[PDB]
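Coming up are structure 1 and structure 2: the same protein chain in two forms, each one given alone as C-alpha cells.
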Structure 1
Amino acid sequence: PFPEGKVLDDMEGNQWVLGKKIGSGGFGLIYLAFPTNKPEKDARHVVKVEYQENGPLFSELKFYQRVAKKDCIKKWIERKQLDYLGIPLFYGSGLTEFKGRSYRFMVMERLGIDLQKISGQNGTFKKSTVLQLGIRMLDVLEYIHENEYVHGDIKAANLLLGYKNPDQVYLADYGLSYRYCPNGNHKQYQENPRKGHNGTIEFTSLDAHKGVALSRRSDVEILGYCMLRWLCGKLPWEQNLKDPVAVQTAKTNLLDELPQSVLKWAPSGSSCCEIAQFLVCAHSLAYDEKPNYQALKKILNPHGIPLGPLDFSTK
C-alpha cells in the first residue's frame, strides 16, 4: 500500500519519498523517508502512516500542532538552559491514498533504537541510567504540561535514543496524550468506571484505573512505576496484568506502604532510595497541583552530578 519509491505530498507542498518499512509505532506503520529536495544517503526522517479507520493520529497531529513548535521548543530550551528536549521534530503531515481510501501520515524525525532492545535481563537498566531517564522525562513532562497536555503512556517501548546521538533519549509517541487544561481550565475531579483502566496496565496511573480524567500527577506517577520496573525487573502486580482491578489494588497497596514497600522491593546492592522518595513526592500531589519538577529532579540526582552518557552495558 506504501511501496518503496512512493511519493507523498504534505500540506505545505513538500514531497517525501518512502524508503523501507522499519516497523509499527503506536497506531502507525513507520517508513524511512527522504525529501525530494537534497536528500541525505541515510534517511533522517520517517513517515508515520495510519493503517485503520479513525485512529489516534489526528489526536497526535493536534498535539504536535499545538505544543511541538520548533520555535517554541528552542525558546524553552534557551530559557531553561537545557542541552536538549526529548520530543522528536515534526516536519509535516497530509493524506496518502490506497485503493480509494485515504490515510493520514506525519513526517517525523528519525530516531535510533528503542530502549526495550538494549535492556538487561527481563527489561532492566542500570541504576544510573534509570535516574537519568527519569530526569529527561521530567523535562519533557514539564514542557507538555505547561502546554496543557498530559502524556498518559510513558514506557520503555515509547523511549528511543537519538539517531545520530546515542546519549540522548526521546519520548516518541503521543497517541494517548490528553489536553487536561484546555485554555487554562483544569478539569474537575470525576470518576467514571466506563472509561477506566486505559493505558498500558502495568504502568497506568491510579487515576486512570478509576476513570478519572488524567492530570499532571498521573504522568509523574507512571514515570515512578516505570523507574521501579527498570531497576527491579518486575513489579508486585506482574502476575496480575489480566485483572486491572487487582493491579489497581496492588498499586494502592504499594503507595500506601511507602517508602518501605519500594525499599524492600529492590534487589540487593541497587537501592530504590531515590525512587521511593520520588514516589512519595508524586503520591502527595493534589489532583490539580502543579508538580515540583525541580524537586523531583533533585530527588533523582541528589548530588547534582552532570548528566553524562547513558550506560547500556547489560544489553
Structure 2
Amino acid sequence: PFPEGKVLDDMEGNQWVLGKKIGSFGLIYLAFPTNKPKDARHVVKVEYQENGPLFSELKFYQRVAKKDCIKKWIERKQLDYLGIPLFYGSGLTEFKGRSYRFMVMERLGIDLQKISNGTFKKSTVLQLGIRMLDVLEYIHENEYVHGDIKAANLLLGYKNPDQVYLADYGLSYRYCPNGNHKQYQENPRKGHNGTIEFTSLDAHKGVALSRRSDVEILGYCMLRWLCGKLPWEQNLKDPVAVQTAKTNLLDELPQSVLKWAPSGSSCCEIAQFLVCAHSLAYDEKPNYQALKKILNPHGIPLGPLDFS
C-alpha cells in the first residue's frame, strides 16, 4: 500500500499527510493538513489501480459535496445539518512508477450495521429515514442518485455522533445529466445490481436508477431496521425470487408490511411510506415533504438519535 507520513498535493494547493490505514473500491487512510494541523479529522481514499471506478465517486463529490453548496442549501431549507461527508479535495500522487487519484473527505465515526439482528428503536428508524430524505432531496436536485442505501453506508459523525451521514457513493449514478432525465429501458444483462436485500425493483430489471428507486430502497431499509428481517432473506441465492417477493410485498400494501411487523411494534408509517414511494413514476420527483410528514406525523421536532 502507501507508507504512513506520505505527503500528498491536492489540486487546490493544499498538502495532506497520511495516517494509519483504516481498512478499504480504494484504500482508506487517516489524514492531517500540514498547515494548522491533533487527532485525525480527515480521511483519504486512494485509488486501487489504473482506470478504476473511483472516477464515478470522485465526480460526485467534486460536483455536489462542496461545502459552499451545502452551507447554502442548509440556509435555504432551514436544516440543522445535512448528512453528506464534507469533501476537501482530490488530486494526483505518484506511487512506484505511476500516478494515482486520491480523495480527501471529512472523518466519520462508526457505521450503523456495527451498532445494532440490526434492530433499532422505532423513533430512531424514523429519524434515520427523515435524515436520509434530506440527503436524497439534495443529491437528486444535483442530478445524482445514491443507489445503495443501507445500514453499512450510514455513518455517525466523528466529532458529533448525534448526526448521521450517508456514505459510499461508488454505485451512484447521474440520472438527470444537464436536466435531461434518462429514458426507461429494461436491461436483463445489467440486472440485479446493488445489495440484493435492499436493491430497488428498477435495479432488478436493469432499468437505470431514477429518484424513486432511492426512495424504494430507503423504505426497505426502514422495514428491515424496524423488524430485523425481510421476507426475501430466506432465498437471496435467487435474485429473481427476490424481485418477486419485493413485487408481491408492494402489490399487497399496506397489509403486507403490517403483517410483517413483530408483535408490539407497528410498521404503519413505513407501510404508508412504501405506498407513497411505490406510487411514483420513473421520471417523477418524490414529494419529500409528504414523505417526511409520513415518518414524523405528529410534527414534534426530532430528538437525538437513540441507540440504547
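For numbering, take structure 1's sequence and count from 1. Rigid core (definition): largest C-alpha set, two forms, superposition within 1.5 Å.
Query raised in the report: With the two forms superposed on the core, which of 260, 253, 284, 52 shows a CA shift of 2 angstroms or more between structure 1 and structure 2?
Result: With the rigid core fitted, the residue that moves is 52.
Report task. Determine whether the C-alpha of residue 78 shifts by 2 Å or more between structure 1 and structure 2 once the rigid core is superposed. Result -> No, the C-alpha moves less than 2 Å.
Query raised in the report: Any CA movement of 2 Å or more for residue 195 between structure 1 and structure 2, core superposed?
Result: Comparing the forms between structure 1 and structure 2, which are aligned on their rigid core, residue 195 does not shift its C-alpha by 2 Å or more.
**Report entry** Displaced residue check between structure 1 and structure 2: residue 102, CA, 2 Å or over, core reference
**Finding:** Result for residue 102: yes, a 2 Å-plus shift.
Requested in this report: Provide the displacement, in Å, of the CA of residue 165 between structure 1 and structure 2, taking the core as the superposition reference.
Outcome: Its C-alpha moves by 0.7 Å once the cores are overlaid.
Query raised in the report: Quick one: CA shift at residue 11 between structure 1 and structure 2, core fit, Å?
Result: Comparing between structure 1 and structure 2 after core fitting, residue 11 shifts 2.0 Å at its C-alpha.
Query raised in the report: By how many angstrom is the Cα of residue 307 displaced between structure 1 and structure 2 when the rigid core is overlaid?
Result: Rounded to one decimal, the shift is 1.3 Å.
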